[PDB]
Amino acid sequence: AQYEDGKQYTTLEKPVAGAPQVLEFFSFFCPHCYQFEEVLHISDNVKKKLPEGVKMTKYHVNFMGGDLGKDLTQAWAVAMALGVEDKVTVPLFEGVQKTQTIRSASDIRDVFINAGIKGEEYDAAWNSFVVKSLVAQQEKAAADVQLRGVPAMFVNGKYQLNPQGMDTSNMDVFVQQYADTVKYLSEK
């Protein structure tokens with residue numbers, strides 16, 4: 001066929017009931033994730049090709065960057081709760097991997113302040129139990145699929161994208177193949 005299991009995707013031998021339709025995992029420490037966000041804009045091109053009625057989820061992971069990796073997962077929980085993902089994603093990525101100006105939870109916090117979230121609002125969120133359960137959700141979704149690598153995308157708790165098996169000579173062609181694959185898997 002044109003889309004082969006083991007080629008543009010793999011099937012999980014244990015599928016995850018009740019999983020989000022399109023579920024993406026990343027880390028702000030993850031070099032391909034930086035590309036995915038800043039250069040390729042994967043999430044956005046996937047969205048543009050997804051059906052109607054399908055929602056998109058993106059979660060941070062703990063297994064890169066030790067203590068700071070965990071702070072970033074909680075910070076991402078704050079971002080999701082406040083709905084400010086689109087304002088902090090790029091400065092968090094650049095602060096970790098480009099400028100290397102993010103070294104502590106306070107430096108993460110500075111990124112939100114600079115993006116205009118008020119100190120009080122951020123700190124209340126950070127400490128909130130809505131943010132605690134949001135962190136729990138991120139952890140459980142990764143645990144549900146025995147996640148050991150990022151970037152990763154899962155469709156319907158059953159299929160895992162396999163970008164290693166797609167042409168990378170042209171970045172645009174790669175992104176469309178990726179997105180067209182998510183769409184195919186979505187309709188599966």
# chains A, B, ... in the order shown; residues from 1 in each chain; ligands from 1
>>> residues_around(residues="residue A:29", least_positions_apart="3", cutoff="9 Å", atoms="only C-alpha atoms", output="number ranges by chain")
A: 26, 33-34, 64-65, 69, 93, 96-97
>>> write_last_selection(atoms="N, CA and C atoms", output="short mmCIF file (atom, residue, chain, number, x, y, z; two decimals), in the first residue's frame")
data_model
loop_
_atom_site.label_atom_id
_atom_site.label_comp_id
_atom_site.auth_asym_id
_atom_site.auth_seq_id
_atom_site.Cartn_x
_atom_site.Cartn_y
_atom_site.Cartn_z
N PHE A 26 6.51 16.74 23.51
CA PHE A 26 7.75 17.45 23.24
C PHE A 26 8.48 17.76 24.54
N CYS A 33 12.45 18.91 18.43
CA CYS A 33 11.23 19.61 18.83
C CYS A 33 11.31 21.10 18.51
N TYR A 34 12.49 21.66 18.69
CA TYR A 34 12.74 23.07 18.34
C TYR A 34 12.47 23.31 16.85
N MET A 64 13.73 14.70 29.84
CA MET A 64 14.92 15.47 29.46
C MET A 64 15.16 16.65 30.40
N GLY A 65 16.42 16.88 30.73
CA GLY A 65 16.81 18.10 31.44
C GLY A 65 16.60 18.10 32.94
N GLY A 69 13.70 20.12 33.55
CA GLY A 69 12.74 19.47 32.69
C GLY A 69 11.38 19.38 33.35
N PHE A 93 11.59 27.87 24.11
CA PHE A 93 12.53 27.16 23.25
C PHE A 93 13.87 27.92 23.06
N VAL A 96 15.92 28.09 26.38
CA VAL A 96 16.63 26.85 26.67
C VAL A 96 17.74 26.53 25.66
N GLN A 97 17.44 26.55 24.36
CA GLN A 97 18.40 26.02 23.37
C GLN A 97 19.23 27.06 22.61
#
>>> residues_around(residues="residue A:22", least_positions_apart="6", cutoff="10 Å", atoms="only C-alpha atoms", output="VMD selection string")
chain A and resid 43 46 to 47 50 54 to 58 153 to 157 159 182 to 183 185 to 186
>>> atom_distance(atom1="atom CA of residue A:68", atom2="atom CA of residue A:125")
18.0 Å
>>> select_by_dssp(residues="stretch 27-110 of chain A", states="strand (DSSP E)", output="number ranges by chain")
A: 56-60
>>> closest_residue(among="A:161, A:142, A:175, A:136", to="residue A:25", atoms="only C-alpha atoms")
A:142
>>> residues_around(residues="residue A:83", least_positions_apart="4", cutoff="12 Å", atoms="only C-alpha atoms", output="VMD selection string")
chain A and resid 75 to 79 87 to 89 112 117 122 125
>>> write_last_selection(atoms="C-alpha atoms", output="short mmCIF file (atom, residue, chain, number, x, y, z; two decimals), in the first residue's frame")
data_model
loop_
_atom_site.label_atom_id
_atom_site.label_comp_id
_atom_site.auth_asym_id
_atom_site.auth_seq_id
_atom_site.Cartn_x
_atom_site.Cartn_y
_atom_site.Cartn_z
CA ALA A 75 5.26 25.67 33.35
CA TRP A 76 3.60 24.12 30.33
CA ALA A 77 0.68 23.12 32.59
CA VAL A 78 0.49 26.82 33.59
CA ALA A 79 0.56 27.82 29.93
CA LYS A 87 2.94 33.39 23.57
CA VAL A 88 5.50 31.39 25.53
CA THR A 89 6.43 28.47 23.26
CA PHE A 112 5.84 34.55 31.11
CA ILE A 117 1.26 37.36 32.09
CA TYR A 122 1.42 33.17 37.08
CA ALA A 125 -1.48 29.26 38.58
#
>>> atom_distance(atom1="atom CA of residue A:5", atom2="atom CA of residue A:40")
23.9 Å
>>> select_by_dssp(residues="chain A", states="helix (DSSP H, G or I)", output="PyMOL selection string")
chain A and resi 31-38+42-49+66-82+85-98+105-114+119-127+129-144+163-165+171-187
>>> residues_around(residues="residue A:133", least_positions_apart="6", cutoff="12 Å", atoms="only C-alpha atoms", output="number ranges by chain")
A: 73-74, 77-78, 80-81, 125-127, 139-140
>>> atom_distance(atom1="atom CA of residue A:165", atom2="atom CA of residue A:2")
12.4 Å
>>> closest_residue(among="A:116, A:66, A:51, A:91", to="residue A:179", atoms="only C-alpha atoms")
A:51
>>> closest_residue(among="A:59, A:129, A:174, A:184", to="residue A:20", atoms="only C-alpha atoms")
A:59
>>> residues_around(residues="residue A:167", least_positions_apart="3", cutoff="12 Å", atoms="only C-alpha atoms", output="PyMOL selection string")
chain A and resi 7-8+162-164+170-178
